[PDB]
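Undergrad: Encoded as structure tokens, here's the structure I'll be asking about.
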Amino acid sequence: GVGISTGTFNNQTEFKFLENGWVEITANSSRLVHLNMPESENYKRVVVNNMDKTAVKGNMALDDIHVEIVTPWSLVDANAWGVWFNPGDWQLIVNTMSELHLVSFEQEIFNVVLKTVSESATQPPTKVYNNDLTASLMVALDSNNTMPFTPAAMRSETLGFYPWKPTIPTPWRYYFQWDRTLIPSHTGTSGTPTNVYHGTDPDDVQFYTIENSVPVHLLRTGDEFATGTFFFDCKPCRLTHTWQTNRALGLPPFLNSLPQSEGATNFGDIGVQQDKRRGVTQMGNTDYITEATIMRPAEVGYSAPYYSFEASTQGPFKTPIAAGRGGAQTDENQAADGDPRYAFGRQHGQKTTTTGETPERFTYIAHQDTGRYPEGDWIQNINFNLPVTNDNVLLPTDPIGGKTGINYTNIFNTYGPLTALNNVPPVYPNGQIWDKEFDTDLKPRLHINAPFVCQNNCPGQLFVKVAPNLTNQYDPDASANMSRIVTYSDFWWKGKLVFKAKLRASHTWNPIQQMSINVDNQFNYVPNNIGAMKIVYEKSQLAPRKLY
Amino acid sequence: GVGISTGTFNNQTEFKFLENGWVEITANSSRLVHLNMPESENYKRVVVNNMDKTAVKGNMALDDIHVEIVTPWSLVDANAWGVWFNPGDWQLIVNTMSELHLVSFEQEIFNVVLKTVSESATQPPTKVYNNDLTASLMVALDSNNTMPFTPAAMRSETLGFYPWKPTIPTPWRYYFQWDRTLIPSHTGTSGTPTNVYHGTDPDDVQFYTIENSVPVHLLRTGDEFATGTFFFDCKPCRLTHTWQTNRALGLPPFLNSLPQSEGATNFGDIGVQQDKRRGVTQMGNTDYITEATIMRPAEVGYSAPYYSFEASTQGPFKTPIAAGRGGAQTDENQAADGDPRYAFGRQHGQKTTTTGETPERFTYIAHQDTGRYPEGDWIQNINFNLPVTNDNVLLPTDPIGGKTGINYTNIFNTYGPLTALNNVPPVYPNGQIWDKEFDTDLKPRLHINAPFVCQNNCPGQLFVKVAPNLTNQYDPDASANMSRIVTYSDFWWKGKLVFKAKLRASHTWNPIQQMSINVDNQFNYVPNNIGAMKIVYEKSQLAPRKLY
Amino acid sequence: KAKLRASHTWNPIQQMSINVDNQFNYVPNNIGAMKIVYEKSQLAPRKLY
Ligand SMILES: [Ca+2]
Ligand SMILES: [Ca+2]
Ligand SMILES: [Ca+2]
Ligand SMILES: [Ca+2]
């Protein structure tokens with residue numbers, strides 16, 4: 001079966017308009033994947049330890065020590081928006097749809113090829129490449145998710161984003177249990193804190209092998225491998241944002257006095273003394289009904305401690321947060337808090353011809369308003385008694401623990417039974433699409449890395465590896481290290497991801513926000529005179545939705 | 001499937017005589033196509049700017065600045081008469097048929113081969129060619145015409161014209177939007193006119209990719225690709241010309257006096273004073289019924305401004321005209337006006353052994369008489385009053401704008417509701433066969449480049465490309481430029497174009513014009529002692545037809 | 001009766017949108033004053049040939 005193709009290249013997105021404003025989006029994606037034989041045909045338990053860094057007082061957050069099992073397999077990950085949609089498809093979906101549903105997923109591997117490299121080491125000297133017609137490509141599909149879930153989008157290692165650029169898979173590796181202790185300190189700390197890696201707890205040791213837990217297929221040139229169709233189990237993802245705050249929920253106060261002339265300084269007037277008003281409040285001990293005092297249904301968003309690192313049995317880790325935000329976009333300098341930052345390279349959006357090893361990055365700033373402005377928070381004594389007196393207020397300016405740069409807001413947490421919150425928004429093109437749910441008895445209410453989380457069923461990971469091409473001399477009983485003919489493989493990948501979307505409706509008199517090409521961004525969507533390209537990030541929930 | 005052919009070579013033309021003088025012409029054409037891997041596997045946006053030329057006052061017409069998207073694909077175009085008929089087939093069709101109908105079109109790609117070049121760089125040094133049995137040829141057929149319509153005949157880049165000479169496809173590229181301004185000037189102009197390229201309008205930007213909009217097939221040696229049959233939507237094309245002018249329409253004047261002796265100076269005589277005649281005229285204010293004054297049904301042909309360049313958002317362009325012409329063929333020096341000029345090379349008609357880079361060319365001079373002789377035009381004051389006086393005539397000799405070399409005829413336009421006109425005639429072998437209609441709400445009454453214009457349905461373009469053959473070293477994340485094994489491909493193409501013709505009838509006592517080989521042209525249809533060949537152009541509508 | 005559009009190119013296209021600049025042409029003022037600003041219909045290229 002050498003001279004016969006086993007598949008088709010398809011990278012088209014189809015919209016199929018059903019009934020009742022629901023369309024079916026079929027995203028096809030094909031790619032040529034390049035794969036070299038493993039640097040080692042063995043599994044390894046490698047420890048990483050950068051104590052030299054953290055040894056410097058004040059650097060706890062630069063902790064990198066961990067342990068991982070390095071396997072001789074590669075992972076073919078296509079779980080990122082950029083792998084399926086191009087800028088033009090995203091604009092259509094994001095501008096005209098109101099919500100998204102993830103439906104199916106299926107892959108395929110065809111037109112496999114295995115070449116060999118011979119050192120034509122003559123003068124120059126040289127190199128020769130030849131087909132190894134009887135060689136094999138090993139393929140394993142972990143349908144039962146026996147293996148550790150390792151989504152590549154987290155480290156910018158998924159398949160590439162351009163239909164016409166060959167891509168590659170990533171070396172697979174997973175974490176191995178270890179104990180580590182790191183006591184925090186600051187520049188003025190004395191003596192040496194405590195920074196040790198304790199080793200492994202035998203009761204938490206799990207060494208996984210693909211050979212032992214997954215059936216492997218050997219594909220020769222004439223072979224093809226096709227995953228069946230996987231049908232997802234999820235909630236819909238919204239493509240519209242909310243802008244309401246507790247301050248904009250409900251019936252506003254009745255203005256007994258309205259302006260009578262156009263004018264920036266012509267305001268309306270409630271026209272009633274603040275302690276002589278009517279309405280409901282939750283401050284049982286005052287007569288002041290204010291817009292900051294009046295009672296609202298519940299609470300949109302919450303407060304959490306910031307740049308808080310917690311520690312458990314294997315080192316410090318940052319305390320997660322859902323969303324960030326602020327008022328008049330002090331943007332960028334605005335950033336920080338809980339706005340995701342993505343760093344990527346030449347294959348996932350960075351300008352293709354860019355030299356150097358510095359990645360490209362961006363901080364995604366969502367349209368939703370469900371965050372907090374710490375500088376505006378404050379706490380005061382129940383007696384109320386305005387104007388508040390210094391000993392009766394704790395402002396986000398007063399120090400804590402004596403530290404000049406720490407407030408109570410840094411320690412603060414206002415999550416409770418009244419917290420209303422939104423799931424995470426899609427991030428094009430670098431964001432991950434779906435995630436696997438934690439196998440704990442009590443699960444997170446949402447995942448900070450993907451808008452879709454398969455509870456029960458999640459697609460299995462696909463592993464690939466070039467089978468060993470040994471030379472006439474091979475001795476299993478020797479330390480050496482098997483020597484094998486330099487072999488590599490190229491195969492085509494093809495996936496199909498199906499969504500179900502709901503067409504949007506116009507509910508207000510005014511137009512709304514839409515994604516569009518303009519004089520300014522115009523050149524982020526076309527190649528240059530050298531064929532250089534780049535894929536700029538874009539927002540998903542542009543279009544307000546009322547919350548209450 | 002390596003050692004098995006997937007097709008047949010056929011280059012025969014069949015005439016199948018149906019019923020009622022209608023024959024069916026089946027033209028088969030096969031060719032061996034040679035294709036190298038792309039100079040770049042990327043799409044590029046390249047700008048061409050030759051301001052150095054146009055910077056020279058008086059050279060506006062030598063404007064070449066434009067912008068184009070250079071793709072890594074090649075186009076297999078067979079839309080030219082020479083690709084389907086040889087001189088002998090053309091003579092038969094042109095001499096015995098009266099009209100042509102375009103019916104079907106279908107193509108096929110078989111016996112694909114992919115070789116590799118190894119630098120046997122030893123001493124000489126050397127080169128080695130080897131089959132890459134598992135390599136692929138990428139094929140894409142744009143059935144829905146998603147891509148820009150780029151007919152190769154316009155730049156003499158279609159498949160070759162000899163069944164026994166290997167051919168090649170042309171690198172595909174299409175136009176990209178841009179703004180350009182060029183103010184006209186002449187040799188004596190002062191200062192510098194204004195010649196700038198403004199860039200791109202974001203609202204007109206369209207970057208097309210074949211990968212994203214067309215399904216691609218990968219063919220290995222054992223594979224074949226076959227387009228289904230396309231059935232055209234068109235009007236018939238005529239193979240007879242008209243010779244009548246307004247001056248030869250209707251009942252000629254009754255001669256009251258006829259010659260009585262053979263003799264060049266023995267003329268007939270209307271024998272009635274010009275202002276005492278009967279008939280109809282459209283000059284409500286005179287009694288002169290002349291052959292130049294008498295009323296005719298409508299008007300055959302029209303007048304348009306000549307060597308008129310107009311300008312829009314992207315530079316100057318020549319104002320199109322339908323047909324040219326003149327009386328006693330002042331031929332060649334006659335040319336100019338609106339007679340097409342074709343420049344081509346070794347593969348499309350130029351003498352095969354000819355050295356140098358100068359192309360071969362010809363100006364097609366049609367048999368139809370629907371043009372104008374400006375030198376004979378003139379305008380005069382309504383009062384008439386003959387003999388006309390200088391201040392009452394504007395002759396094509398009197399200057400305009402003060403310019404010594406410009407008449408009113410240069411500015412003149414007489415197109416109107418009474419204009420009778422003919423469609424363009426076929427041009428063998430360099431002319432294009434069919435064209436796609438403009439997607440504007442109001443279409444042209446005809447196209448100046450092809451006798452057949454599919455309104456609704458037009459065949460889709462066929463693109464070809466050698467899939468990337470990577471080496472053991474490929475890094476998607478690097479600026480470099482992928483390095484790949486030098487690969488190339490050879491495949492056979494086979495097309496079938498079906499027409500439907502109407503056999504001609506003899507309507508007059510005298511014989512008519514027929515194409516024939518003679519002592520003079522005899523050697524344009526046979527090879528020489530070295531195997532040199534050439535394909536001389538020929539006319540299609542030789543045989544008069546009465547218009548009225 | 002309208003026909004929904006399709007995306008035929010890699011790049012996004014021109015769309016009508018509210019922005020910081022035009023924002024107040026679509027809402028009344030403190031006196032109830034209103035206005036209806038003109039807008040364009042054929043924003044989105046189509047290939048002619
Ligand atoms: Ca233990
Ligand atoms: Ca906001
Ligand atoms: Ca514009
Ligand atoms: Ca004539």
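Labels used: A, B, ... for chains in the order of the structure tokens, numbers from 1 for residues in each chain, and numbers from 1 for ligands as shown.
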Go through the chains and note each residue within 9 Å of ligand 3, using only C-alpha atoms and all ligand atoms, then give the set as an MDAnalysis selection string.

TA: (chainID A and resid 518:519) or (chainID B and resid 200:204)

Undergrad: Could you write out as a list in words the residues of chain C within 9 Å of chain A, counting only C-alpha atoms?

TA: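 The selection requested is residues 5, 6, 7, 8, 9, 10, 11, 12, 13, 14, 15, 16, 17, 18, 19, 23, 25, 26, 27, 29, 30, 31 and 33 of chain C.
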
Undergrad: With N, CA and C atoms kept, could you save the residues just selected as a PDB file, in the first residue's frame?

TA:
```
ATOM      1  N   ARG C   5     -24.679  36.025   5.855  1.00  0.00           N
ATOM      2  CA  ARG C   5     -23.364  36.062   5.228  1.00  0.00           C
ATOM      3  C   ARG C   5     -22.393  34.989   5.689  1.00  0.00           C
ATOM      4  N   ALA C   6     -21.387  34.745   4.857  1.00  0.00           N
ATOM      5  CA  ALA C   6     -20.362  33.753   5.131  1.00  0.00           C
ATOM      6  C   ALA C   6     -19.005  34.437   5.149  1.00  0.00           C
ATOM      7  N   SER C   7     -18.049  33.840   5.852  1.00  0.00           N
ATOM      8  CA  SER C   7     -16.702  34.383   5.922  1.00  0.00           C
ATOM      9  C   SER C   7     -15.862  33.706   4.846  1.00  0.00           C
ATOM     10  N   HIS C   8     -15.461  34.437   3.812  1.00  0.00           N
ATOM     11  CA  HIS C   8     -14.672  33.818   2.753  1.00  0.00           C
ATOM     12  C   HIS C   8     -13.168  34.029   2.760  1.00  0.00           C
ATOM     13  N   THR C   9     -12.675  34.886   3.646  1.00  0.00           N
ATOM     14  CA  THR C   9     -11.252  35.169   3.703  1.00  0.00           C
ATOM     15  C   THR C   9     -10.672  34.938   5.086  1.00  0.00           C
ATOM     16  N   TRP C  10      -9.346  34.881   5.163  1.00  0.00           N
ATOM     17  CA  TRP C  10      -8.649  34.663   6.420  1.00  0.00           C
ATOM     18  C   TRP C  10      -8.795  35.839   7.381  1.00  0.00           C
ATOM     19  N   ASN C  11      -8.791  37.047   6.841  1.00  0.00           N
ATOM     20  CA  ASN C  11      -8.889  38.258   7.638  1.00  0.00           C
ATOM     21  C   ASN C  11     -10.311  38.626   8.045  1.00  0.00           C
ATOM     22  N   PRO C  12     -10.469  39.351   9.172  1.00  0.00           N
ATOM     23  CA  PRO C  12     -11.807  39.746   9.593  1.00  0.00           C
ATOM     24  C   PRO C  12     -12.244  40.804   8.603  1.00  0.00           C
ATOM     25  N   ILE C  13     -13.448  41.310   8.771  1.00  0.00           N
ATOM     26  CA  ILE C  13     -13.961  42.272   7.826  1.00  0.00           C
ATOM     27  C   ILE C  13     -14.568  43.480   8.522  1.00  0.00           C
ATOM     28  N   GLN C  14     -15.066  44.440   7.754  1.00  0.00           N
ATOM     29  CA  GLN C  14     -15.655  45.627   8.352  1.00  0.00           C
ATOM     30  C   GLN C  14     -17.058  45.421   8.923  1.00  0.00           C
ATOM     31  N   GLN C  15     -17.244  45.857  10.162  1.00  0.00           N
ATOM     32  CA  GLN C  15     -18.518  45.724  10.844  1.00  0.00           C
ATOM     33  C   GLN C  15     -18.898  47.045  11.497  1.00  0.00           C
ATOM     34  N   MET C  16     -20.198  47.307  11.597  1.00  0.00           N
ATOM     35  CA  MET C  16     -20.701  48.511  12.249  1.00  0.00           C
ATOM     36  C   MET C  16     -20.617  48.259  13.760  1.00  0.00           C
ATOM     37  N   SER C  17     -20.166  49.255  14.515  1.00  0.00           N
ATOM     38  CA  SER C  17     -20.026  49.111  15.955  1.00  0.00           C
ATOM     39  C   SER C  17     -20.120  50.428  16.721  1.00  0.00           C
ATOM     40  N   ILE C  18     -20.540  50.358  17.975  1.00  0.00           N
ATOM     41  CA  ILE C  18     -20.640  51.553  18.805  1.00  0.00           C
ATOM     42  C   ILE C  18     -19.261  51.752  19.438  1.00  0.00           C
ATOM     43  N   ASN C  19     -18.795  52.992  19.525  1.00  0.00           N
ATOM     44  CA  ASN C  19     -17.502  53.253  20.131  1.00  0.00           C
ATOM     45  C   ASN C  19     -17.522  54.507  20.979  1.00  0.00           C
ATOM     46  N   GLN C  23     -20.799  56.797  20.544  1.00  0.00           N
ATOM     47  CA  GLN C  23     -21.620  56.358  21.659  1.00  0.00           C
ATOM     48  C   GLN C  23     -22.887  57.152  21.978  1.00  0.00           C
ATOM     49  N   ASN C  25     -24.846  59.026  20.085  1.00  0.00           N
ATOM     50  CA  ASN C  25     -25.756  59.320  18.985  1.00  0.00           C
ATOM     51  C   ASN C  25     -26.905  58.339  19.064  1.00  0.00           C
ATOM     52  N   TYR C  26     -26.815  57.393  19.994  1.00  0.00           N
ATOM     53  CA  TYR C  26     -27.818  56.343  20.117  1.00  0.00           C
ATOM     54  C   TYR C  26     -28.606  56.300  21.411  1.00  0.00           C
ATOM     55  N   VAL C  27     -28.527  57.365  22.197  1.00  0.00           N
ATOM     56  CA  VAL C  27     -29.197  57.450  23.485  1.00  0.00           C
ATOM     57  C   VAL C  27     -29.749  58.870  23.680  1.00  0.00           C
ATOM     58  N   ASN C  29     -30.780  62.486  25.770  1.00  0.00           N
ATOM     59  CA  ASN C  29     -30.029  63.289  26.734  1.00  0.00           C
ATOM     60  C   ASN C  29     -30.871  63.571  27.972  1.00  0.00           C
ATOM     61  N   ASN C  30     -30.384  64.439  28.852  1.00  0.00           N
ATOM     62  CA  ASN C  30     -31.098  64.747  30.084  1.00  0.00           C
ATOM     63  C   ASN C  30     -32.420  65.477  29.893  1.00  0.00           C
ATOM     64  N   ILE C  31     -32.696  65.898  28.668  1.00  0.00           N
ATOM     65  CA  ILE C  31     -33.930  66.610  28.366  1.00  0.00           C
ATOM     66  C   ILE C  31     -34.821  65.746  27.484  1.00  0.00           C
ATOM     67  N   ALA C  33     -33.771  64.770  24.499  1.00  0.00           N
ATOM     68  CA  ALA C  33     -33.434  65.085  23.119  1.00  0.00           C
ATOM     69  C   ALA C  33     -32.892  63.818  22.472  1.00  0.00           C
TER      70      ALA C  33
END
```

Undergrad: Taking only C-alpha atoms and all ligand atoms into account, which residues have an atom no farther than 9 Å from ligand 4? I'd like them as a ChimeraX atom specification.

TA: /B:242-244,325-329,366-369

Undergrad: Set the distance at 8 Å and use only C-alpha atoms: which residues neighbour residue 174 (chain B) once local chain neighbours fewer than 2 positions away are removed? I'd like the list as JSON, numbers by chain.

TA: {"B": [68, 69, 70, 148, 150, 172, 176]}

Undergrad: Compare A:442, A:427, A:365, A:462 by their minimum atom-to-atom distance to ligand 2, counting only C-alpha atoms and all ligand atoms, and give me the closest one.

TA: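 Comparing A:442, A:427, A:365, A:462 against ligand 2, the winner is A:365.
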
Undergrad: So, with only C-alpha atoms as the atoms that count, which of B:536, B:406, B:482, B:152 lies closest to chain A?

TA: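 Among the listed residues, B:482 lies closest to chain A.
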
Undergrad: Once you count only C-alpha atoms, which residues of chain A turn out to be within 6 Å of chain B? Could you give them as an NGL selection string?

TA: :A and (2-5 or 8-12 or 167 or 346-347 or 353 or 518-519 or 522 or 527-531)

Undergrad: Restrict the selected residues to N, CA and C atoms and save them as an mmCIF file, in the first residue's frame.

TA:
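Now in out15.cif:
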```
data_model
loop_
_atom_site.group_PDB
_atom_site.id
_atom_site.type_symbol
_atom_site.label_atom_id
_atom_site.label_comp_id
_atom_site.auth_asym_id
_atom_site.auth_seq_id
_atom_site.Cartn_x
_atom_site.Cartn_y
_atom_site.Cartn_z
ATOM 1 N N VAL A 2 2.048 1.194 -0.561
ATOM 2 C CA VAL A 2 2.927 2.357 -0.555
ATOM 3 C C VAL A 2 2.483 3.559 -1.395
ATOM 4 N N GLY A 3 2.065 3.329 -2.636
ATOM 5 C CA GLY A 3 1.687 4.459 -3.468
ATOM 6 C C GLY A 3 0.234 4.877 -3.453
ATOM 7 N N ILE A 4 -0.427 4.739 -2.316
ATOM 8 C CA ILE A 4 -1.832 5.108 -2.242
ATOM 9 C C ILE A 4 -2.192 5.902 -0.996
ATOM 10 N N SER A 5 -2.770 7.081 -1.207
ATOM 11 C CA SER A 5 -3.154 7.940 -0.104
ATOM 12 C C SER A 5 -4.257 7.329 0.738
ATOM 13 N N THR A 8 -7.775 12.694 3.296
ATOM 14 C CA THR A 8 -7.980 13.962 2.620
ATOM 15 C C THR A 8 -7.618 15.131 3.515
ATOM 16 N N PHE A 9 -7.125 16.200 2.914
ATOM 17 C CA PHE A 9 -6.774 17.377 3.681
ATOM 18 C C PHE A 9 -7.990 18.296 3.675
ATOM 19 N N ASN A 10 -8.480 18.662 4.851
ATOM 20 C CA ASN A 10 -9.619 19.563 4.912
ATOM 21 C C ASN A 10 -9.467 20.515 6.077
ATOM 22 N N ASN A 11 -9.558 21.806 5.782
ATOM 23 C CA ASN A 11 -9.406 22.836 6.793
ATOM 24 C C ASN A 11 -10.488 23.894 6.603
ATOM 25 N N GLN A 12 -11.714 23.458 6.332
ATOM 26 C CA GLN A 12 -12.833 24.366 6.128
ATOM 27 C C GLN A 12 -13.794 24.380 7.311
ATOM 28 N N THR A 167 3.686 21.364 11.390
ATOM 29 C CA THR A 167 3.771 21.478 12.833
ATOM 30 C C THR A 167 4.463 20.279 13.469
ATOM 31 N N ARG A 346 6.430 31.712 17.669
ATOM 32 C CA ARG A 346 6.305 31.719 16.213
ATOM 33 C C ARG A 346 5.191 30.867 15.606
ATOM 34 N N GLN A 347 4.876 29.768 16.267
ATOM 35 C CA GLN A 347 3.870 28.832 15.784
ATOM 36 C C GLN A 347 2.424 29.104 16.251
ATOM 37 N N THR A 353 8.652 35.918 11.487
ATOM 38 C CA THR A 353 10.043 36.227 11.156
ATOM 39 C C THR A 353 10.839 36.823 12.316
ATOM 40 N N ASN A 518 -9.844 47.708 10.921
ATOM 41 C CA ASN A 518 -9.749 49.143 10.720
ATOM 42 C C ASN A 518 -8.364 49.556 10.269
ATOM 43 N N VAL A 519 -8.194 50.833 9.963
ATOM 44 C CA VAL A 519 -6.905 51.324 9.502
ATOM 45 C C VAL A 519 -5.764 50.933 10.424
ATOM 46 N N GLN A 522 -5.558 46.690 10.567
ATOM 47 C CA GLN A 522 -5.538 46.151 9.219
ATOM 48 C C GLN A 522 -4.430 45.164 8.853
ATOM 49 N N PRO A 527 -0.301 38.615 5.254
ATOM 50 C CA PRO A 527 1.144 38.373 5.318
ATOM 51 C C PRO A 527 1.937 39.562 4.797
ATOM 52 N N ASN A 528 3.251 39.570 4.998
ATOM 53 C CA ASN A 528 4.062 40.675 4.489
ATOM 54 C C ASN A 528 4.799 40.264 3.221
ATOM 55 N N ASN A 529 5.711 41.105 2.749
ATOM 56 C CA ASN A 529 6.442 40.817 1.521
ATOM 57 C C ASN A 529 7.386 39.626 1.603
ATOM 58 N N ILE A 530 7.570 39.092 2.801
ATOM 59 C CA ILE A 530 8.453 37.951 3.000
ATOM 60 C C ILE A 530 7.633 36.727 3.383
ATOM 61 N N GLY A 531 6.337 36.928 3.552
ATOM 62 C CA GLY A 531 5.480 35.825 3.918
ATOM 63 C C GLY A 531 5.361 35.714 5.418
#
```

Undergrad: Name all residues at most 8 Å from residue 184 (chain A) (count only C-alpha atoms; drop same-chain ones fewer than 6 positions away) and give them as a PyMOL selection string.

TA: chain A and resi 57-58+60+193

Undergrad: Next, the residues of the selection above should be written as a PDB file, in the first residue's frame with C-alpha atoms.

TA:
```pdb
ATOM      1  CA  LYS A  57      15.826  35.999  50.162  1.00  0.00           C
ATOM      2  CA  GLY A  58      12.684  37.505  48.678  1.00  0.00           C
ATOM      3  CA  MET A  60      10.052  32.464  46.907  1.00  0.00           C
ATOM      4  CA  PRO A 193      15.199  30.503  55.779  1.00  0.00           C
TER       5      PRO A 193
END
```

Undergrad: Measure the distance from CA of residue 28 (chain C) to CA of residue 370 (chain A) in Å and round it to one decimal.

TA: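 So the two atoms, CA of residue 28 (chain C) and CA of residue 370 (chain A), lie 27.0 Å apart.
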
Undergrad: I'd like to know which of A:504, A:494, A:241, A:443 is closest to ligand 2, using only C-alpha atoms and all ligand atoms.

TA: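 Among the listed residues, A:241 lies closest to ligand 2.
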
Undergrad: For residue 227 (chain A), find every residue with an atom within 10 Å (counting only C-alpha atoms), except residues of its own chain fewer than 6 positions away, and show them as a PDB file with C-alpha atoms, in the first residue's frame.

TA:
```
ATOM      1  CA  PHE A 105     -14.608  15.765  18.418  1.00  0.00           C
ATOM      2  CA  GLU A 106     -12.792  13.216  16.255  1.00  0.00           C
ATOM      3  CA  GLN A 107      -9.300  12.828  14.795  1.00  0.00           C
ATOM      4  CA  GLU A 108      -7.454  10.835  12.188  1.00  0.00           C
ATOM      5  CA  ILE A 109      -3.897  10.050  11.090  1.00  0.00           C
ATOM      6  CA  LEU A 141      -5.307   6.604  21.953  1.00  0.00           C
ATOM      7  CA  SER A 143      -9.873   6.451  25.514  1.00  0.00           C
ATOM      8  CA  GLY A 460      -8.733  10.632  25.377  1.00  0.00           C
ATOM      9  CA  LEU A 462      -3.445  10.702  21.482  1.00  0.00           C
ATOM     10  CA  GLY A 495      -9.670  16.768  13.192  1.00  0.00           C
TER      11      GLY A 495
END
```

Undergrad: Find the spatial neighbours of region 282-291 of chain B, counting only C-alpha atoms, within a cut-off of 12 Å - ignore same-chain residues fewer than 5 positions away - and output them as number ranges by chain.

TA: B: 245-254, 270, 272-277, 296-298, 381-386
